[PDB]
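Quick notes on the structure that follows.
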Number of protein chains: 2
Amino acid sequence: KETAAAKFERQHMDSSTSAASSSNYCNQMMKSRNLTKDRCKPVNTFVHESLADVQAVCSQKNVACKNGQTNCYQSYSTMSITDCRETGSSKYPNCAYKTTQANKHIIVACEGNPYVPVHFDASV
Amino acid sequence: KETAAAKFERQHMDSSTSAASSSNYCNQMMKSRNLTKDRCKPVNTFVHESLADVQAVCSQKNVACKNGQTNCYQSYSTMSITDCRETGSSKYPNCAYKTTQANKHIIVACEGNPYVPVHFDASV
Ligand SMILES: [Cl-]
Ligand SMILES: [Cl-]
């Protein structure tokens, strides 16, 4: 079984690009990170910063999670992110995504020792 | 019982200001929109655009909702928004919120006739 920290890395980290460079970014990344294996994951955000910068958010601003838990943290700075969301034309196994690049604060849930991101809650 | 459309208006519309003007915006708005009545709503976004502009999103870009439903729409343009999230010092009945102003696309779920926003899904 994949650890929670490792799943977060796979689903939400893309440190190898500064930003989405085209409309096809999401189609490509959703496939390669294995998020379209048996069904199309409807919504998923990738963060274009170093793993260290994202892990650091776990010691930044403590805020409520949307679900009411108290282990969420909001980045002090904005980060480059890409939101991927299925389009109307999307139908497994032919998943199709809209790519939206933005620079926003991120909010992650953190857990464990070391205390690291395990869920992506939202961007602001 | 409040209708779904009316609840969306109460929870998510603030057309009377162009933007949050101070750190106390959320404390004030969460109280006055009756979102701290019996418990502190952990997270809530207000949109600083006309009701008509927000309703119009229901005929803009169709995208997946985070929960996998297909009735979500992403605004073509960015909108002024304020995210309100409970802080660590927050404890009912003394709710306390962090105010974060941003200009982002909004994503809403739409339902009914007329086809209007009934949930705020996310911002991008
Ligand atoms: Cl996500
Ligand atoms: Cl919200």
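Cβ placement follows ideal geometry from the backbone for every residue including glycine, while neighbour counts extend to all protein chains displayed. Coordinate-derived values only; no laboratory data.
Considering only residues that are more than 9 Å from chain A (Cβ to nearest Cβ) and among the polar types (S, T, N, Q), look in the stretch B:67-77 and name the one that is farthest from A:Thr70 (Cα to Cα).
B:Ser77
Out of B:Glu86, B:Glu49, I need the residue that is more than 9 Å from chain A (Cβ to nearest Cβ), under 20 Å from A:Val124 (Cα atoms) and acidic (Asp, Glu). Which one?
B:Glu49
Quick check on A:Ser50: is it farther than 23 Å from A:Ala109 by Cβ, among the hydroxyl-bearing types (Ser, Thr, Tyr) and either surrounded by fewer than 18 Cβ atoms within 10 Å (Cβ to Cβ) or away from ligand 1 (no atom under 16 Å from the Cβ) (or both)?
So A:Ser50 does not fit the description; no.
How many of the residues in the stretch B:91-124 are of a type in the set (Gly, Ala, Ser), surrounded by 20 or more Cβ atoms within 10 Å (Cβ to Cβ) and either more than 10 Å from every other protein chain (Cβ to nearest Cβ) or part of a loop (DSSP other than H, G, I, E, B) (or both)?
Counting residues in the stretch B:91-124 that are of a type in the set (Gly, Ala, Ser), surrounded by 20 or more Cβ atoms within 10 Å (Cβ to Cβ) and either more than 10 Å from every other protein chain (Cβ to nearest Cβ) or part of a loop (DSSP other than H, G, I, E, B) (or both) gives 1.
Considering every residue within the stretch A:63-86, establish whether at least one is closer than 21 Å to B:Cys72 by Cα, surrounded by 13 or more Cβ atoms within 10 Å (Cβ to Cβ) and of a type in the set (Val, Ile, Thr).
Scanning the stretch A:63-86, I find at least one residue that is closer than 21 Å to B:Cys72 by Cα, surrounded by 13 or more Cβ atoms within 10 Å (Cβ to Cβ) and of a type in the set (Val, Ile, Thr), so the answer is yes.
Here's the yes/no breakdown for (1) closer than 16 Å to B:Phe120 by Cα; (2) of a type in the set (A, V, I, L, M); (3) touching a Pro at 6+ places or on another chain (Cβ under 8 Å):
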| position | (1), (2), (3) |
| --- | --- |
| B:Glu9 | yes, no, no |
| B:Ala20 | no, yes, no |
| B:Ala56 | yes, yes, no |
| B:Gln60 | yes, no, no |
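Which of the strands (runs of 3 or more DSSP E) found entirely inside the stretch A:38-83 contain at least 2 residues meeting this: away from ligand 2 (no atom under 16 Å from the Cβ)?
Of the strands (runs of 3 or more DSSP E) lying wholly inside the stretch A:38-83, those with at least 2 residues that are away from ligand 2 (no atom under 16 Å from the Cβ) span A:43-47, A:61-63.
Please work out which residue is nearest to B:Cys26 (Cα to Cα), limiting yourself to the stretch B:53-70 and to residues that are away from ligand 1 (no atom under 16 Å from the Cβ) and among the hydrophobic types (A, V, I, L, M, F, W, C).
B:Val54
How do the pairs read when you match residues in the stretch A:52-64 that are away from every other protein chain (no Cβ under 13 Å) with residues anywhere that are crowded, with 17+ Cβ neighbours inside 10 Å and assigned to a helix (DSSP H, G or I), using Cβ under 8 Å and keeping only pairs 6 or more apart or on different chains?
Qualifying pairs under 8 Å: A:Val54/A:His12.
What do you reckon, is B:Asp38 within 26 Å of A:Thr99 (Cα to Cα) and in contact with a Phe, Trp or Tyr (Cβ under 9 Å, 6 or more places away or on another chain)?
no
Which number in (1) at positive phi; (2) within 16 Å of ligand 2 (Cβ to nearest atom); (3) of a type outside the set (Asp, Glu) marks the one condition that A:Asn34 misses?
(2)
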